[PDB]
Each structure stands twice: as C-alpha cells, then as structure tokens.
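Next come structure tokens for two forms of one protein chain, structure 1 first, structure 2 second.
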Structure 1
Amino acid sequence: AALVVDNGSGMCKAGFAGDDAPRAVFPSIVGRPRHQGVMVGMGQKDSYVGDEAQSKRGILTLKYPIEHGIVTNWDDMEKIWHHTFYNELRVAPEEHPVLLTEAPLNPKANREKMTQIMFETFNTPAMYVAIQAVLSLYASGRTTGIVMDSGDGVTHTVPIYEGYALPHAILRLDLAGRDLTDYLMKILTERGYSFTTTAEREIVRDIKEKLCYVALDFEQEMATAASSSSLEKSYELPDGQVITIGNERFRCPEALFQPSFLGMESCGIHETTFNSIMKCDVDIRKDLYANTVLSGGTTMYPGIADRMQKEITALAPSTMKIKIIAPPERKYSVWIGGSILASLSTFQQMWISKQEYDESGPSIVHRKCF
C-alpha cells in the first residue's frame, strides 16, 4: 500500500496512493523549545512539528526546512517525515513504499540525502522521487507537454517528453505569489491604506487570492478602469473597515507578464515559457505548444489561460497551434499525479528497492529516478 508525500516549501501534503486527495495537509514547520526551562513552559520535548508547532508558536522557535522547493536543513526535514508517518497518517513507514516529490533541478547531494534518510532511518521498503511538475502533467492526463508551475517562491517551466522531464530546457524564474503579495501590499499602501506588517501581509494575500485577475489586454483594462467603476470591488477587513480595490485587481498579477513592475530585468512567464520550448527538440515543439499546462497557486488567477494563450500566439511561429490547459483542480495537481503514478502495478518496476540500496547506496537515485 504506497504512500505519496509531496513536500512544498509551506505545506506538506501526505496521503495514500489511489486516494482522490491527500489525507493530511499541514504547514511544513519544525519548532524547537524557546529559552523556556524544560518542564514548566510546556514543551518538555526538544522537537515539535506542523500544526501543534503552530498552536504552540510562543515558547517555540519555528523553522521551515524547505526553501524555494529545495531542502535547507536535513535535521528538520527528518522530523517532518518522522511526524508525517507517525502522527499524521498513523503508519509504520517500514511497511509502505513511498513516492517523494522534488523540485525541478533538485541538486545531486539533496537527491542522495532524501534517499539515505528514507532507507537508513525510516527503513522504507522501497522509494521513488518524482519531479513535482511531471506529476502535475499526469494529473492532467498527458505525458508530453510543458508545465508552467508557480507557487509562492519560484516559478518553473519544465518541458516533458513521454513523462521524462528535459533538464537542459527547464527555466527558473525568481518571481512567484509572494512577490505578487508584496506588490499588492505596496500599491494598496500607495493608494491610501496601510498594509506593511506581517499580520497585514496575510490580509493582503487573502485579497490577492480573492479579487485579483489577469487582464486580456493590459492597456485596455487600464483605460476601462480609468473611465468606470465597472471593475472596482469592495473588501471586508478583519476589523470592520470595508475597502475598495480597482486598478490593483489586475495590476498585481500583471507583474507575472511584465516583471519590470517589480524592478526586475527578467522576461515574464509567457516569454519564459516560449524560451523553454525553443530549447527543446524541433520535433516535439509542436506537441509542447499544444500541451502547455499551468500548475500551482499563482496560476489560479482568472484570465491567466487566455492571456498565456494570447502572448504565446504572438511569440510563436505564426501557423503553430497553441493550447493552454488549466485544470480546474490545478492547485492540487502534484499530489494527484503522484497518486495516479504510485497506485499503478507498474510502479513496482520503477522504484528503488531496499536491497538495491544495500547494494548500490544513495547514488542509485541518479540512475533510477528521472
């Protein structure tokens, strides 16, 4: 009975393979005990994880062991996984095969360490590591195409051939949902309100998620916002202030396409996507164009699909045919795709065996998982 464990920077999603949805989603945080003397305080333990670490925020030093998708502290991670198997799924990991996910371009040493911990520490009977984006592609039921994945810290463009990611043609953009949240913050402050603090960031994050959208034509929507209140929306604060958002609604995600809104010199997500395609094999450009799939929080903006559609059309050879696919469930793609893969009989044939480990050791990951 296989386990699926998708490790985001912010939320760990764990479940059983074949299930429609993770049977556990919890923040990816480790708390250690904070100055307070052993017993009185409350935390006698030297380690605390996830939601109970959240609820106990005071008297704890809270850490995120994952950063931009890449593991940052192997001591913490180990406790996330420890807590995932034991407190969250209530399972004995020595009894289950597990699929792990990893960021595109996860460095060699990290892949190896992930492998060592699973086997020497949790005594996994078998494991596999899959590129998050690849799983999102199966969740959409394709095997060829390019995934544009955007979460809170980083955006990636990952073209995929028959389920094989193509690492030479993967591009990383240091521009995701946070930069958007921070930008919205900034332009709401400029307008008259005053979001600057940590508590207020969360309010704004929520406004972003609730009222922002990508505009089909940026100039045109500006002119429509300038001449009409037709686009303005009102919003109900944690106190009782009700506020008005206009321009801001679509000026904020617009930075995904024009990163100079943020003082960045990068190209935007449309052009970063085309640049990936152009780096692939002439013979599959056709199928990537017509299989461009979006995933991650920052792709939930209404109109992002149509706009990607439009911007790729202009950059691409003119009689090519473009198709953006934006799964209504594209927030949860990665764990779903995982559940699809790890539930097949087939999976037995991909994974790394515990004995294979005993034989070849951690570097087996570079041979088997790609």
Structure 2
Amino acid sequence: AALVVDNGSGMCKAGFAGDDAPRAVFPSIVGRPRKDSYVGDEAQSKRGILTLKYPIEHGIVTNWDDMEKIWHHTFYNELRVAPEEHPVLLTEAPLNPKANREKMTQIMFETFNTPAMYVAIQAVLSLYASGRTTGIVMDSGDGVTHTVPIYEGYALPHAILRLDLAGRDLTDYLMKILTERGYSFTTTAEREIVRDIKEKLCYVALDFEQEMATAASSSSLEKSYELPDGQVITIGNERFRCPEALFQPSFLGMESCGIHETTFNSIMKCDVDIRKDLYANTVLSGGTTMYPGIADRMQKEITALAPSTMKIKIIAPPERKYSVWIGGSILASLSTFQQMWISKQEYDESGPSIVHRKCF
C-alpha cells in the first residue's frame, strides 16, 4: 500500500499509510566526498570526509539533485521498497511555489516511476490528524514556523505567515546561554548534548518575568543533566529562557513578532466571519511545540490579544511531533481518498502541471 514521505528542513519522516508512526526518521542531509553520496545518519557518521548540504532550507527545497538523493535513500534504503510499486504521498511547505510542486511530480514519475502520487500541505495534514478541517495550525519545526489558517479543507494563502525562527535557532540559543554559565559546547557531538537538554529539560514559563524572579531567588527550578561519561551539568533559568525566544524573538537578535502575535495576525488576516472558528481551533504541531507549558502560554497570550468575547482554545495533541506524518497516513489509508491519487496515465497525458488539482 501507499508510501507517506514527510520532507522536513531537519528530518524526513517515512513510512506506510495505515501505520501509527513513520518507520524511518532521518536527518535531511546529503554528503558528498572529494559511493559518490551518502544520506542521513550515514552522512553524519562520515561528516569528516564529506561536504554537507541541507537541500531543504526553510521548508522549501533549494537543491534538486540532493533532494532526489534523499528520496532515493528513503525508498531503496530506509523503507526498502520499490517506488514503482507504491502510491506515494509527499508533503510540502505552505506557500510552496508551483514550480517546485511540479518538479516534485516530475521526479516521482520520471525518475521513480510511481504508479500514483499526491502532494499535501503539511499544515493541512496536521489539522486533519486532529480530526478537523477548519482551524489554524501553528507548525514549528527545525527550520521554519508557519501559521496556517484553514477553512473547510482550504488553506488560505493571503493569511499564511512565515517565521524563520524554529528548533535550530533554539538549540543555537541554548548553546550560547549555557556558555554564559561557564559550559563550553564547540564540537558537533557537544551540540547533540545541548539539543538533548533542550528536548528534556526546557519549558515555557507562563509568566516569564516572575519565573526569572523565582530563579534569581530560589534553586527550586534548577535541574541537573547527566552526561554519558557521568559528568552532571546544572541548568537553571536557561530552562525557560531558551524557549522564551519563541515569544520574544529579540532574544535571538531577530526583528520578528513572537509565535503568539504571529498566530493572532494570521487570524486577523481572515474575513471577520471565520475568526470565531479559528480562535476556538488553534492547533499546535511540530517538534518545537513540544515544550511543557506551551499550550497554557499560547492560551494566555492569544486571550490577551483577542477581543474579550472570543472562546480561545489551543489544541496540543500528544502526537504532535509527527502529526503531519500521521495525517498523511490517515489520509492515504482512507478508501474515500484513493479517488484523489494522480496516476502515471494523467501525468503522461497532462504533464507535471496536473498536480495543482491537489485538494490538500
């Protein structure tokens, strides 16, 4: 049955429609020496002898030879399947240019000979996975954050906002502020540590200025992190300062609005009629929305921006790290969907532009 490939700036997720989870998740990295290319964990573990390139920049593909290598690796290496035997559902960023969507289609039929394929907007899948066709998706990943208003299955272009602030940026920041504390993480292995601390110990303060005040006057918020070798390194206010940068992006030297303001602006950019539904259906997705306390904080921040009237509801599924993928698995495994596949016949008739009839 169908393949589901969720291309990401940091990681790709691949598996089979109908499964609870992707069977493979690997770094979106292509390495070349001076075999003539390696992808993923294999490339990383040969870092010292390969030139590394990241083909997906901020959700958008910028190098097509490398992206084809990732897909080749996905099929013949990770999933160990013949692509000419399975329908393939691929995902795309919001506001992906038509030119890109056509190239994806071209590669699938012409290089991989897929019998059928489809391209869905990642955000629409996340909303789908939550059992909705209307709402606003806040998707924060490794490379980008998007706020994507959706109404009855239709993502609204005029109202989509992009924020080039995500996971990398947060890991980068935690690295910087731990250095402050007297720790040093210059190597690439030491970066894996920082990222681990970020994913295990960080959290969003409800009230940031009080949280600062508590930390300055109490140790009740400090937690210790144990390294492989047994070395324990203590983390204090950097636990909540790091993710705070999502709400106060000046922390990273950036001249952009927080995630909360950006969400509000996206809603505000819609016709006054559907806002009630967007406000009451704000859905969080992506690894960078995984911090404890984030949903409470969003609730409070949006509440503060929105008219008093509005019921505000933030939905933060526990499955949200993979909600894009799980959406793809749900969509591609419905019999009611098998109608929506774009076949080799239609492509050899209409060519790469037929893909724009994606209703997802």
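Basically, rigid core = biggest C-alpha set you can superpose within 1.5 Å across the two forms. Residue numbering: sequential along structure 1, first residue numbered 1.
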Query raised in the report: Of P97, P104, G153, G268, which is the single residue whose C-alpha shifts by 2 angstroms or more between structures 1 and 2 after core superposition?
Result: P97
Report task. For the two-rigid-part motion between structures 1 and 2, write down the angle in ° by which the smaller part turns against the larger. Result -> 10
Requested in this report: For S9, tell me the Cα shift between structures 1 and 2 once the rigid core is superposed, in Å to one decimal.
Outcome: 2.4
Query raised in the report: Once you lay the two forms on top of each other by their rigid core, how far has the C-alpha of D51 moved between structures 1 and 2, in Å?
Result: 4.7
Query raised in the report: Rigid core superposed, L237 Cα shift between structures 1 and 2 in Å?
Result: 1.8
